[PDB]
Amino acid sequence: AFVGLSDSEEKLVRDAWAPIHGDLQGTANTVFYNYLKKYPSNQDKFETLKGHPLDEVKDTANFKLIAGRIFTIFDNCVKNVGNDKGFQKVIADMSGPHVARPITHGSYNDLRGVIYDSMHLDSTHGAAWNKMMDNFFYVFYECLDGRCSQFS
């Protein structure tokens, strides 16, 4: 279920994200690359990337757009980490385009893990980050299951 964060935890989440917030596109590019390199079955899910070598698409406009859009959603979630309706709406709106897509929970969680690993958080910041991400994927997975309206 969705579990609100305390004020101190909300601050911890902003602080944890601050390095990435200050280099959002560059971080996105590296993390998305590392995700597709470690879990290459996912590259085919992106029709604009399908059928080319990863190293051949990594430097392209389309690649960078996709990485950017993922990280902009997380950036807006962090922005709304103190506003549960706002946070839920950011996710609800991005969920629609994924509902029909054949993407496993495993694939989504593999991305979460690449992001976690890149951030190298201490356990206090990590605990707060994981409270936010647990909210993120509870809202997302409810929406993928056609129960998005509960957050409206």
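One rule holds for the numbers: they count along the sequence shown, beginning at 1.
When the two stretches 58 to 66 and 35 to 43 are set side by side, the higher mean Cα temperature factor goes to 58 to 66. Set 46 to 54 against 117 to 125 and average the Cα temperature factors; 46 to 54 ends up higher.
Across the residues 12, 144, 132, 20, the deposited record lists the maximum Cα B factor for 144.
The PDB entry gives the largest Cα B-factor of the residues 111, 28, 99, 91 to 99.
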